[PDB]
Amino acid sequence: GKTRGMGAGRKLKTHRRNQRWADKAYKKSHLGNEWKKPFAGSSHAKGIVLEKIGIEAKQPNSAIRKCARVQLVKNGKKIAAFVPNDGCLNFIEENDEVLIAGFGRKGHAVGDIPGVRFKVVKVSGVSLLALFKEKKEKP
Amino acid sequence: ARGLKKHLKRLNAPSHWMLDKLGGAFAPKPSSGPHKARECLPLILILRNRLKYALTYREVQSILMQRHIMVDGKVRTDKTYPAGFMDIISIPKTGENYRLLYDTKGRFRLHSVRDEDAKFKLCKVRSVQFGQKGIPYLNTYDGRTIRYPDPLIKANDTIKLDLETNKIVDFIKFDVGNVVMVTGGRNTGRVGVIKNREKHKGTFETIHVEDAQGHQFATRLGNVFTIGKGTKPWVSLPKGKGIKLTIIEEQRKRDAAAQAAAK
Amino acid sequence: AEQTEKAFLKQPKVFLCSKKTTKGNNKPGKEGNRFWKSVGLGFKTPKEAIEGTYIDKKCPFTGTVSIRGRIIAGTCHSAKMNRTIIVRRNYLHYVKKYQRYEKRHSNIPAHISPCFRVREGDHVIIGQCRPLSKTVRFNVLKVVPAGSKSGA
RNA sequence: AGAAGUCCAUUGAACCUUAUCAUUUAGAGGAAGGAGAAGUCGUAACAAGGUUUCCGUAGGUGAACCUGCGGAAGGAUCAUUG
RNA sequence: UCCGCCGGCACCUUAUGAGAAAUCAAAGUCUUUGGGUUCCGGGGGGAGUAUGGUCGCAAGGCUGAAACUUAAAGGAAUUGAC
RNA sequence: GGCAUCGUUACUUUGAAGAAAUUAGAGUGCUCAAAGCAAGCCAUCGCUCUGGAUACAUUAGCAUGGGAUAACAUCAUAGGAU
RNA sequence: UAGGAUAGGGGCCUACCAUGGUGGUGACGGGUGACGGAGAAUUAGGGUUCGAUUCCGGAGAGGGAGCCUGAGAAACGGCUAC
RNA sequence: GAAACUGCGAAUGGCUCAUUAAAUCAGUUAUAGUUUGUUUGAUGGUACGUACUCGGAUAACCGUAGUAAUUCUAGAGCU
Ligand SMILES: [K+]
Ligand SMILES: [K+]
Ligand SMILES: [K+]
Ligand SMILES: [K+]
Ligand SMILES: [Mg+2]
Ligand SMILES: [Mg+2]
Ligand SMILES: [Mg+2]
Ligand SMILES: [Mg+2]
Ligand SMILES: [Mg+2]
Ligand SMILES: [Mg+2]
Ligand SMILES: [Mg+2]
Ligand SMILES: [Mg+2]
Ligand SMILES: [Mg+2]
Ligand SMILES: [Mg+2]
Ligand SMILES: [Mg+2]
Ligand SMILES: [Mg+2]
Ligand SMILES: [Mg+2]
Ligand SMILES: [Mg+2]
Ligand SMILES: [Mg+2]
Ligand SMILES: [Mg+2]
Ligand SMILES: [Mg+2]
Ligand SMILES: [Mg+2]
Ligand SMILES: [Mg+2]
Ligand SMILES: [Mg+2]
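For the record, the sequence lines run as chains BX, BE and BL. Numbering-wise, the authors' numbering puts 72 at position 71 of the first sequence, and it's gapless, one number per residue. Numbering-wise, the authors' numbering puts 247 at position 246 of the second sequence, and it's gapless, one number per residue. Numbering-wise, the authors' numbering puts 47 at position 46 of the third sequence, and it's gapless, one number per residue.
Given below as structure tokens:
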């Protein structure tokens with residue numbers, strides 16, 4: 002089984018160093034690929050609303066999720082961001098200024114929405130929550 | 002980096018300078034002088050922080066410029082002059098002859114000696130060799146250098162040195178059975194009697210000392226300072242002279258509560 | 002003889018042409034004499050250094066170099082050089098997480114005087130000195146041949 | 001005493017080609033995975049799945065697959081002193 | 001033919017043992033955790049695939065990812081249905 | 001005060017040297033607290049020498065004692081000890 | 001080995017000579033979104049992650065290089081060049 | 001006592017972390033391998049081949065200016 006010699010510290014250390022790589026989280030963090038994602042290791046990002054789209058919810062659900070195809074200004078990547086809080090697709094217009102955030106599962110699709118990992122947090126410098134509750138008006 | 006540094010941060014000050022952490026960004030850097038700038042108490046930390054004579058870094062100057070401070074039998078004005086050990090800070094006018102002695106906790110204490118005992122001091126002795134023209138000289142441990150020393154005097158000895166007429170009055174050799182005060186490390190300020198000296202060819206001469214109250218402790222060849230011949234010191238110790246571990250300090254506090262006040 | 006270079010090799014401050022006699026003059030190296038000194042630290046000067054004809058300014062006993070600093074014991078690794086050997090210092094590094102020791106080593110170049118005969122695997126004791134080359138900072142002070150310390 | 005200037009040596013910025021290393025990206029065409037509530041064609045596997053199933057290897061055909069040789073039971077037999 | 005010893009291939013009964021269980025006299029002497037040592041696994045796919053390296057005449061072998069996708073895949077046993 | 005000349009290490013004990021700040025921690029009624037290193041008292045032409053403690057700080061290095069457990073070569077041409 | 005230069009040791013540089021030096025106890029090479037430490041977060045214990053930032057040490061003044069003055073600078077709130 | 005000559009300081013402090021993976025750095029060493037304004041203590045006999053104290057400049061100042069221009073710059077007269 003294990004090497005229990007008192008003189009075998011190097012063997013145990015090297016074996017653990019080799020075997021840490023099978024870990025999903027450790028390999029995710031120490032491979033450096035997290036910098037090639039659209040956010041490039043950032044909590045939020047900013048973007049321009051390229052277009053407004055809808056995606057059919059995955060089975061067995063049946064609905065149309067009002068997403069938005071936007072383009073990040075920091076690297077130019079094009080991503081789809083969810084728009085929650087029904088009626089909040091109306092606030093978003095064309096080529097508009099939005100603040101995007103992750104969806105919650107750390108680079109994983111959330112819910113029945115196929116392949117969406119971002120949600121719109123702000124539009125034109127105003128939070129979607131304030132507009133939804135009529136606390137603020139779009140400028 | 003490219004040269005010398007003229008600033009001392011408060012957090013980088015020596016520990017025995019018990020300085021309030023939120024008192025400022027800087028501490029008074031000790032000037033160049035007889036003592037090593039880490040085992041010294043600058044004059045700024047005497048008229049302030051030890052006596053309430055001065056209140057700021059503006060009245061220490063206001064009383065040094067009046068030439069009111071006479072350390073080691075000489076008027077000194079540099080407020081960061083490094084008075085480092087057993088220096089006779091002799092305040093004239095009021096007459097506050099003080100010997101800088103080491104508290105049992107490594108602190109610095111101004112032991113108020115009598116005036117006639119303030120006309121001399123003692124110095125530890127560094128190497129003794131031949132000068133130019135073959136003239137032997139002393140080269141003590143506080144920057145002092147004395148030409149034509151008595152041939153019996155050797156290294157690591159101690160000398161009783163006069164001030165007005167600077168000449169060696171007498172001396173004590175370094176040998177077992179002599180009173181010694183420790184002036185470095187954790188054992189600072191503890192007086193005792195040397196029991197034996199252990200010699201290691203290459204470094205680290207270790208001295209073993211026996212306390213008056215029965216305790217025993219060791220230290221380096223440095224950090225020790227012979228005080229008196231036999232078991233009788235030549236100077237008045239501040240107080241206690243024993244380590245007084247924490248529990249017996251608690252006992253002293255208890256009996257101080259149970260007496261005097263006692264209510 | 003010992004002169005195998007394009008310059009005469011001599012011990013500094015040792016006058017080799019005095020007309021007055023010798024062999025009885027203190028501080029060997031006076032009135033014409035090999036200069037040798039004891040390095041101290043409880044080390045014995047070899048007879049091959051006192052009654053020798055070689056000239057080595059980097060030799061600790063008959064040279065200008067003084068031994069001070071660290072004393073290190075080790076084993077000779079490679080001695081294919083001109084008055085220089087490699088000493089292998091084996092030790093154990095404590096991997097703390099696993100509370101276990103791993104064997105480590107470190108080569109140290111040392112200067113060996115012509116009074117010491119050495120072989121690969123000998124047990125050498127060396128002492129730190131001033132830098133003598135790009136990598137040499139130690140001088141060989143004692144050599145014990147491999148497979149020795151016998152007698153009972 | 002001594003400036004401009006000049007000679008040799010040295011430190012050497014900077015530019016100009018070749019080669020090489022590292023990073024990102026265009027590309028006609030090919031081709032691979034995955035997802036998709038629309039499908040066409042069969043039924044290879046799960047029951048002895050209607051030819052027991054599966055491994056290595058080789059060939060073949062619209063597709064699952066078929067067949068030759070050796071192996072295994074994870075077999076549908078723990079068994080013929082008859 | 002009978003008894004005994006050492007070595008081997010197995011078999012039967014039973015846990016007071018272990019185990020998710022099938023079952024195992026070793027797969028036991030494990031939260032009452034440590035005899036020595038080698039190899040090797042980290043949810044299912046992509047995939048033993050891409051590429052580099054290397055051995056081979058070739059077929060191929062050894063070493064061997066990533067983007068992306070997914071909430072299950074799987075083991076043993078139980079009751080029905082077939 | 002002697003006086004020698006000696007297998008080497010790991011391990012363990014004791015000591016020393018060890019920056020402060022931070023952490024642990026003694027005292028202290030900033031109105032409490034997070035804090036700060038202050039303060040306290042007869043009701044003074046002042047005193048408590050007022051206090052401004054103490055630990056830990058891997059590993060590596062220096063020194064003292066221990067020799068159980070371990071690693072090296074040393075082990076019968078006597079080239080041994082006296 | 002002998003000089004030169006330096007405040008000074010040293011292939012630091014020069015002439016001559018020898019063929020050495022490091023490496024599975026990982027040299028050499030590559031990555032770092034790498035200044036190092038005191039320290040920070042979370043902590044049954046062990047641990048895992050972080051450490052640009054006020055204390056210590058190092059390095060830089062757009063990028064390289066050269067230098068004067070001076071006890072101390074290859075200084076840029078000094079000069080010279082690209 | 002303005003200005004100016006002379007001396008000293010501006011190599012500390014402040015800011016940042018780009019380069020840098022036994023390299024910086026930490027603990028521990030050595031300089032018998034060196035330099036050190038400064039502070040403190042001590043120590044300075046040979047010049048001889050006017051010493052009751054030697055010499056020439058120069059700034060501030062004053063007045064002739066140049067240039068679009070700058071703590072850019074050239075002449076003259078004092079000390
Ligand atoms: K040098
Ligand atoms: K200067
Ligand atoms: K200066
Ligand atoms: K260090
Ligand atoms: Mg020494
Ligand atoms: Mg059939
Ligand atoms: Mg079928
Ligand atoms: Mg079938
Ligand atoms: Mg997996
Ligand atoms: Mg040389
Ligand atoms: Mg050469
Ligand atoms: Mg960096
Ligand atoms: Mg840092
Ligand atoms: Mg900042
Ligand atoms: Mg700093
Ligand atoms: Mg610099
Ligand atoms: Mg800039
Ligand atoms: Mg510069
Ligand atoms: Mg600036
Ligand atoms: Mg600067
Ligand atoms: Mg000036
Ligand atoms: Mg600075
Ligand atoms: Mg690298
Ligand atoms: Mg190193």
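Heads up, the beta-carbon is just placed ideally off N, CA and C, and yes, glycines get one too.
- Separation of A258/BE and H201/BE (C-alpha to C-alpha, rounded to the nearest whole angstrom) is 49 Å.
- In the DSSP assignment, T247/BE falls within the unbroken alpha helix (DSSP H) covering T247 to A257.
- Residues of chain BX with a Cβ closer than 8 Å to the Cβ of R101/BL are, in chain order, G6, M7, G8, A9, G10 and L13.
- Counting the other CB atoms within 10 Å of its CB gives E206/BE a total below 16, which places it among the exposed residues.
- Under the three-state reduction of DSSP, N50/BE is assigned to coil, being neither helix nor strand.
- Shown here, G103/BX sits in a strand according to DSSP, grouped into three states.
- Judged by their CB atoms, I51/BL and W37/BL are nearer to each other than the 8 Å cut-off.
- According to the DSSP assignment, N19/BX belongs to the alpha helix (DSSP H) that extends over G10 to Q20.
- In this structure, the straight-line span from the alpha carbon of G8/BX to that of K37/BX is close to 42 Å.
- Taking C-beta atoms under 8 Å as the contact rule, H112/BL and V141/BL qualify, at a distance of about 7 Å.
- Here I147/BE carries a coil assignment [DSSP, helix/strand/coil].
- Just measuring C-alpha positions, the residue of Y82/BE, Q67/BE and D73/BE sitting nearest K94/BE is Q67/BE.
- Around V119/BL, no beta-carbon contact reaches into chain BX at under 7 Å, the shortest distance being about 30 Å.
- Contact check for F218/BE against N188/BE passes: the beta carbons are separated by less than 8 Å.
- One finds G10, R11, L13 and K14 in chain BX with Cβ atoms closer than 8 Å to the Cβ of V96/BL, taken in chain order.
- In the structure shown, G24/BE falls within a helical segment according to DSSP collapsed to helix, strand and coil.
- Of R3/BE, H36/BE, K30/BE and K22/BE, the smallest CA-CA separation from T141/BE is found for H36/BE.
- In this structure, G112/BX keeps its C-beta atom at 8 Å or more from the C-beta atom of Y99/BL.
- Judged by DSSP secondary structure, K47/BX falls within the beta strand (DSSP E) whose first and last residues are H45 to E57.
- In the three-state scheme derived from DSSP, where H, G and I count as helix and E and B as strand, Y138/BE is classed as strand.
- Taking the Cα positions, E103/BL is about 7 Å away from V96/BL.
- In this model, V66/BL and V61/BE are separated by some 53 Å (Cα to Cα).
- Under the three-state reduction of DSSP, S16/BE is assigned to coil, being neither helix nor strand.
- Per DSSP, the beta bridge partners of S113/BE are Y99/BE.
- Secondary structure at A23/BX: helix, using DSSP grouped into helix, strand and coil.
- Per the Cβ contact rule, the region 38-52 of chain BE is not in contact with the region 125-136 of chain BX (fewer than 3 Cβ pairs under 8 Å).
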